[PDB]
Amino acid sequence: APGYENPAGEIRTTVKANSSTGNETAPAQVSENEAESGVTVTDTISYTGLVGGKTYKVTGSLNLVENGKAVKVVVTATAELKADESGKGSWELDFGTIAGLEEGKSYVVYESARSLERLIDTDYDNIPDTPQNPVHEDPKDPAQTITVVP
C-alpha cells in the first residue's frame, strides 16, 4: 500500500455535576442534598490527533476513588461520535441523572475513544489493522472529579 503515517491522538476530560465543573486545580462539588436529589453528570472530551470524519465508540466510566485509586465503577455511558474534519475538537457524553453519590467521597471520570475503523498500522505493511484508541484514565485528575460535600 502507499505511505501511511499513523495518527497519534490525545483526549482530555472535564466533568460537570449539576452546575459545578471540575478544573485543573479543583474537583466539581455537589452538596449531600444535591446527591440525594440525583446529580446530572456530563463529561466534555477534548480530542486532538484523531482522523477527521471517522467515528469513535466513546465509553466513559464514573469511578469511586479511594487513596488516589479507582476502586469501583459506579456508572458507564457510551456513544458513537464523529471527529471534526481537523481531527481536533470536543464531544459531550451524557451519563444522565446519577443516584447514590455519598457525602465525603470523590468520583472520577475515565474516557476511552476507540475508532470503529482500523486506523493504526501495527506491522508497517502500510495497511492500518487496529483501531485508534486514546484514553484518559487518571484517578487523581481534578478536572474529571466530583466531590460530595456536606
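Residues carry their position along the shown sequence, with the first being 1.
Here 60-68 and 40-48 are compared by their mean Cα B-factor, and 60-68 comes out higher.
The stretch with the higher mean CA B factor, choosing between 98-106 and 112-120, is 98-106.
Annotation for residue 148: C-alpha temperature factor in the middle third relative to the rest of the modelled chain, per the entry.
Annotation for residue 142: CA B-factor lies in the lowest third of the chain's modelled residues. In the PDB entry, a CA B factor belonging to the highest third of its chain's modelled residues is recorded for residue 19. Sort the modelled residues of the chain by CA B factor and residue 133 lands in the lowest third.
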